[PDB]
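**Student:** Partial complex here, more coming in a sec:
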Amino acid sequence: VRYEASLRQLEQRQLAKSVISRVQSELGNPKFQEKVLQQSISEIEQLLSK
Amino acid sequence: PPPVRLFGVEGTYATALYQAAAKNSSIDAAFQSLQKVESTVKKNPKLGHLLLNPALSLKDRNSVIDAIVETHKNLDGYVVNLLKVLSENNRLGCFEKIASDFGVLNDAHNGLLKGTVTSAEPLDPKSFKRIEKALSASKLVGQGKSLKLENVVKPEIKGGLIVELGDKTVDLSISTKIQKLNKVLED
């Protein structure tokens, strides 16, 4: 039982490590340039709203 | 006139000097001349970097002051008098401190403002320009506080950008999302 409840915690830490692996993919590529821009245009919208 | 105190660290010298310079008739000039003399005191090659911290008397310092005003006689008469105050109390490491704080006072009277827009990489030139357009357009900058959009690259922000200027900030950084994301998926 104690191993199962722990195995469910290991499954939890596995997708936690998956967040890091995706951060290195996203910041490697010009996806790093193309989604920042997408924020930048939203940033106009917000600041004009003030 | 005082413009209301700014700073706790040596800004009383700055408040007083500022008011003394409105009765002088020019604050812009005062500031400008100090900036060029301060810059040649720091960028001395011998004992301007191996001597900035006090180590020499009130009297020995006064003969060094006579040599400083010989390098620039231009400094007006009140900002020349501000050096006597510093020599007498024998403060020197807070020589640049007062001048920057004064700067803050000058550049408010001018109706200028400085904005830093921390990023994770150097941004597009259009990105700045649209932001500037947005803030002038908006009620944030009414004119009288014309911004300088200064991009900085920092390892403190990974992804996104964060806008800063005045008392208003808009944060559309990625880092915050990653921290929270981590926390909730360990349950």
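**Tutor:** Thanks, I have the structure now. Residues are numbered from 1 along each chain as shown, chains lettered A, B, ... in the order given.

**Student:** State the distance from the closest residue to chain B within chain A to residue A:38.
**Tutor:** Among all residues of chain A, residue A:47 sits closest to chain B, at 4.1 Å; criterion: C-beta to the nearest C-beta. For the C-beta atoms, the positions are set from N, CA and C on the backbone; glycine is no exception. Separation of residue A:47 from residue A:38 (C-beta to C-beta, to the nearest Å) stands at 16 Å.

**Student:** if we can go back for a sec, ok so the residue of chain A closest to chain B is a helix residue?
**Tutor:** Yes: the assignment for residue A:47, made by DSSP: H, G, I helix; E, B strand; the rest coil, places it in a helix.

**Student:** OK, contacts around it?
**Tutor:** Residues counted as contacts of residue A:47 (C-beta atoms under 8 Å, 6 or more residues apart in numbering or on different chains) are B:131, B:134, B:135, B:138, B:140, B:163, B:170.

**Student:** The residue of chain B found nearest chain A: which element?
**Tutor:** Checking chain B residue by residue against chain A with C-beta to the nearest C-beta singles out residue B:134 as nearest, at 4.1 Å. Assigned by DSSP states H and E, residue B:134 belongs to helix B:125-137.

**Student:** which one is residue B:14 nearest to, not counting chain neighbours?
**Tutor:** If the residues on either side of it in the chain are set aside, residue B:14 comes closest to residue B:101, at 4.0 Å by C-beta to C-beta, 6 or more residues apart in numbering or on different chains.

**Student:** which phi and psi does that neighbour have?
**Tutor:** Torsion angles at residue B:101 (phi, psi; degrees, to the nearest 10) stand at phi -60, psi -40.

**Student:** what ranges do the strands span in chain B?
**Tutor:** Along chain B, the segments classed as strands by DSSP state E run B:115-119, B:149-153, B:161-165, B:168-172.

**Student:** The following sequence is to be added as chain C:
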Amino acid sequence: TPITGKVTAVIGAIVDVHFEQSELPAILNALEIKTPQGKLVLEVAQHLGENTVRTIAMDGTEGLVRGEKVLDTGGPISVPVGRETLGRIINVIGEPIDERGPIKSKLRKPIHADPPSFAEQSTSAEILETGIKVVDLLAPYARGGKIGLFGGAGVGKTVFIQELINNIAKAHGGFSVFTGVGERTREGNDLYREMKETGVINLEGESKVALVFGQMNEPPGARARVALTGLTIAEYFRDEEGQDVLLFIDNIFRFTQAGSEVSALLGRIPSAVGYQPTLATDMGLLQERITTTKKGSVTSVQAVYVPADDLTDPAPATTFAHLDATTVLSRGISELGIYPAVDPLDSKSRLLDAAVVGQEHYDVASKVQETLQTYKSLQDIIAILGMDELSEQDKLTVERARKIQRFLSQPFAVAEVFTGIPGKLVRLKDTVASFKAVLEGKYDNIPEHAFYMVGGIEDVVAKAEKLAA
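**Tutor:** To build on what is shown above, here is chain C added in:
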């Protein structure tokens, strides 16, 4: 991350670094200072502004020059845990002191950690028997419970603990941890030698004890995080193996005193006496990391040197909150030649409220306290006047209480050589019988030396015949 720096100041054992790059470590990271003396390990504790940390220094501070490389580990140093940490002695870092070469490990985990929550707390009242008569009578110990003792300076405090190691660590747990925080070189050497003699360590094999040792000599910062290292070895057993552990400390006092030392410089203006303001929280964490989860179960026995025979001082006082039983030992009562030195009117337990470990047992322990206290109230009276200037009924009562005092003296079977009397073990079932008798006046005739240094009732009886000789 690798964040290099230079050393802006070296004030005491509270060195300060100025990190030259804009990258900047969080609070509770570890740093290595490089010198021709080997590594110096420091811990970030304050940020003072414009990228200048102030560090607690957890290794010595001599030979350091301002403007010298620093390196950022990227986090608190990692001690070593596993099954291959058993039979080893580990420093504040994971270094051999036993010197059987580097330590094999599976998982090496950091010294600091967050405490398991209130919903993860699951606390049992299941008992544990020892074999000491006095323990059994006044305040039982338990499995899942945290037990406390408030020992003398260093003249009877250890001997008690050594007897405890022989009974509890061989009748419970699969693991045991000894963490000795700022103990003396003679104490550590005696305990290692003894363990291997009593076969509790098999070096070629895998042992049932592990050891953490750190001298009293070492600077203030280092002594605190001896306590942290030991706590980590216990956390691996409680969590990851998920089995019942044990923990033993002799003494935990070194922790509090260390904290009070570093406190003054850092910025924390000390509270009165000289002790720190941050005492309740700093101690607090540690005492909620020593606890019994629904995984393993850390039964702890903790021994606290009382400072200048005042348990009112901030350090012993705040320790009592984190104990569900205590058995307070007066220094005086040790000097008197009475061992065990536990005061009987100053013992208390939450593991014996009023019927919790058997109604019959509670009632027998209750009467013993009332009798003993009567005699203390009349101490004044007996001394100032005579004792033949009182009534025959009060005299019986006094004489009985005087017997109960002497009976409580029980020799030890680990330090049996030293005491000069061969040891004794008295079960729980025996304990009840022996006191039952004594209250009912079934042995209010035999000498009051027959009672001193004997366990059970039967031995008093026999001893009367030896004395008679």
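
**Student:** re the thing from before, which secondary structure elements does the helix holding residue B:134 sit against?
**Tutor:** Packing contacts for helix B:125-137, counted by 3 or more C-beta pairs under 8 Å, 6 or more residues apart in numbering or on different chains; DSSP states H and E, involve helix A:31-48, strand B:149-153.

**Student:** do you know which of those lies nearest chain C?
**Tutor:** When the helices and strands packed on helix B:125-137 are ranked by proximity to chain C, the top entry is strand B:149-153, at 9.5 Å, counting by C-beta to the nearest C-beta.

**Student:** could you say what helices and strands that closest one packs with?
**Tutor:** Against strand B:149-153 (3+ C-beta pairs under 8 Å, 6+ apart) you get strand B:115-119, helix B:125-137.

**Student:** And the residue of chain B closest to chain C?
**Tutor:** The minimum distance from chain B to chain C, using C-beta to the nearest C-beta, falls at residue B:155 (5.4 Å).

**Student:** residues from chain A in reach of chain C?
**Tutor:** Chain A comes close to chain C at residues A:2, A:6, as judged by C-beta under 8 Å from any C-beta of the partner chain.

**Student:** give me every residue that touches the residue of the stretch 1-150 of chain C found nearest chain B.
**Tutor:** When scored by C-beta to the nearest C-beta, the stretch 1-150 of chain C has residue C:23 as its residue closest to chain B, at 5.4 Å. Applying C-beta under 8 Å, 6+ apart, we find residue C:23 in contact with B:155, C:1, C:3.

**Student:** what's around the residue of chain B closest to chain C, how many residues?
**Tutor:** Residue B:155 has 11 neighbouring residues, counting by other C-beta atoms under 10 Å in any protein chain shown.

**Student:** Let's add chain D too:
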Amino acid sequence: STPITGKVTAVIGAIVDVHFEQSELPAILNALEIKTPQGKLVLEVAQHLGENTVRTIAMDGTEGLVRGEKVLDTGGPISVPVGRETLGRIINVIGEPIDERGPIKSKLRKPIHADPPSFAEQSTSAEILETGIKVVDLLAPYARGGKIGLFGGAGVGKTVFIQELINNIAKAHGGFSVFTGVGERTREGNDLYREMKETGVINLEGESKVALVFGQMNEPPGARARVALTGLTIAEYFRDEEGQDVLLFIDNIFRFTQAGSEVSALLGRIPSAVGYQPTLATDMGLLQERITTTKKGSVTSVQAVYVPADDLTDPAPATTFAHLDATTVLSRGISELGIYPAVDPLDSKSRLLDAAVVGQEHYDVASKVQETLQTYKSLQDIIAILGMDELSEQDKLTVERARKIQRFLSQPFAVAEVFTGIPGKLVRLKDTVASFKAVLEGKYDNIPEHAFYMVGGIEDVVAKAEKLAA
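**Tutor:** Okay, here's chain D dropped in alongside the others:
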């Protein structure tokens, strides 16, 4: 008042720093008002720190206080309204009710800080007053220009005693009274208010025979400290300008002392001996001095005092002990034995208690009484250990008398219908002086020890013997 602007800079608890503008700065003891939806926050100016910077102590809620929020100067010390409609209602520090009888109508206004009258004004003349209570009357009789000090424990029957004092003497007098509560409980405030509305001392007609001024403990210390001062100024207004004797009451003045200790530390001052304030002395001297018998009115202050943990050798009670002219101690033991009131005879003393000024016989008997009890108290060790059966017949008779007198200090009070549950007694000053001689001369040693207990005059005591006999 006039437009005067200072802007807040630092809120550090009670302490609030403001940045007044040049040449219109404050003064020490002025009142600053800051608009808030928590009334008008008044800040007592307590230092000047230079650079056009004043540093103030708070009195009113400082919660959600926004910094930069403009700060007006009223121009002088907290100014209340004072008059004869102060009577019959509850008022807090700012002169504004907490019982909501709307805006109190003003005759005169004054600041609550005022000077005490100099030596040229100060005189000592006094008229002996009767409380209707036997113990006080023999052994510490009250007088006009009172600096009286009611030292005792907490909840020892201390509350009961003050209540009776107001009930007898305040209403009977043609003078008014002012009841002031310094940093005290809202439980006590509602019960004192209610209890005395029935007994009529607080008339429902606007004019009354007592006033109430309640500044209470859940309010900031600055306000508590200068609640005492409010009460005291109301009494001074009576004293001069409407030219009449009053009887002031303050309860506990130990709250004034405690409130002053907290704001000394916050202004930056380092502790004195036993942690108290440095300015304990100068503060007492200004409070006590205002209460005196001038050449107009008179103020007879009777002040309840609390001795923390029954220790009165602490410099705060003990220095004060001189400054209070008619010390009384109401100790805890006497309370426990069932003996009410809790007055201790030996430690109850007054400015006027010897000579023909308080009458020859009173002094004479009162001396004979203190001595009779002091012998019995010395003999308590002896009766316990040695036995009192190898001591003289005379010694036994003195003891029997001491016991008869001891049980003749007890009587019930009219405010004690649920503190005793038996209605009050009035035993006037001559009646008591006459009754106590009788016990001593030997005339009534055929009255049992228990037939003095809980009765009034001698006429009553003789009669309670008849009753006991059947």
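
**Student:** Chain D added, so what about the neighbour count of residue B:155 now?
**Tutor:** Residue neighbour count, defined by other C-beta under 10 Å, stands at 11 for residue B:155.

**Student:** swap in residue C:174?
**Tutor:** For residue C:174, the count of nearby residues is 12 (other C-beta under 10 Å).

**Student:** which residues does it contact?
**Tutor:** Here residue C:174 is in contact with C:208, C:243, C:244 (criterion: C-beta under 8 Å, 6+ apart).

**Student:** Nearest to chain B among those residues?
**Tutor:** Chain B lies nearest to residue C:243 out of those, by C-beta to the nearest C-beta, at 23.5 Å.

**Student:** Roughly how far does the closest one sit from residue C:96?
**Tutor:** Remark: distance between residue C:243 and residue C:96 (C-beta to C-beta) = 26 Å.

**Student:** got it, and residue B:93?
**Tutor:** 49 Å.

**Student:** which of those two has more neighbours?
**Tutor:** Between residue B:93 and residue C:96, counting by other C-beta under 10 Å, residue C:96 is the more crowded of the two (13 against 10).

**Student:** which residues sit in contact with the more buried one?
**Tutor:** By C-beta under 8 Å, 6+ apart, the neighbours of residue C:96 are C:88, C:89, C:90, C:102, C:103.

**Student:** Can you give me every residue that contacts the residue lying farthest from the centre of chain A?
**Tutor:** Farthest-out residue of chain A from its mean C-alpha position, per C-alpha atoms, centre = their mean: residue A:1, at 32.8 Å. By C-beta under 8 Å, 6+ apart, the contact list for residue A:1 is empty.

**Student:** Which strands or helices does the top helix by length along chain A pack on?
**Tutor:** Taking DSSP state H as the assignment, the helix of chain A that covers the most residues is helix A:2-28. Secondary-structure packing of helix A:2-28 (3+ C-beta pairs under 8 Å, 6+ apart): helix A:31-48, helix B:175-184.
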